[PDB]
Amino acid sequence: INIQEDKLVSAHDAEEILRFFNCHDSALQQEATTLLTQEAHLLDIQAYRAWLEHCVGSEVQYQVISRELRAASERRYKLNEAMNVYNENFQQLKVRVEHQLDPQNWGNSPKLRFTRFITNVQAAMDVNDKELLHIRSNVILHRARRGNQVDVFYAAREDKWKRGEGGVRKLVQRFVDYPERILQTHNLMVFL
């Protein structure tokens, strides 16, 4: 990709493409698929502690941004381009997990229902850190509650996973640039 020719493509997106076009490792794509499917299963059944213990690295940055709408031709206005819907370290994820599990979280009664659909999995080892695994995947996340509330979330996820305690691969970075500027789902209180 030449972003001077492909005018709509950002430098960041072009860099990420390059990562997966190169050394395609079939076995790695399958390991990644397993990792993400099991992670999604834990989240869907609301096993948030198990998710932290099994899927999330101590050094994690879990980040979801919302980017301000700017002109495609904009070149002068240089103030903060995005805010962080999430930008969590492990302890901050733990706070959110405890908030979910608290018996006085009134919003969680009756129990919520989550269904996640993970697709378009791609995987590639980092060039310089042969222990760092890049995984890209897309998620549709369906949340249903209280009879007739239904919220569906859609996102692409740029992950880094690395082997941790016991040799288990764990999430050390998740980055999502949320595609909808104004949320129509009451909140973004779901783990993408």
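A residue's number is simply how far along the shown sequence it sits, counting from 1.
Relative to one another, 123-131 and 48-56 have unequal mean CA B-factors, and 123-131 is the one with the higher figure. Taking the PDB entry as given, 157-165 carries the higher mean Cα B factor of the two stretches 60-68 and 157-165. If you compare the C-alpha temperature factors of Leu192, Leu8, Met189, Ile1 in the entry, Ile1 comes out highest. Among the modelled residues of its chain, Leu36 has a C-alpha B-factor that falls in the lowest third, as given in the PDB entry.
The entry lists a Cα temperature factor for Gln100 that places it in the middle third of the chain's modelled residues. Sort the chain's modelled residues by C-alpha temperature factor and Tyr86 lands in the lowest third, per the entry.
The entry lists a Cα temperature factor for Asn108 that places it in the middle third of the chain's modelled residues. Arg116: CA B factor in the lowest third of modelled residues in this chain (values from the PDB entry).
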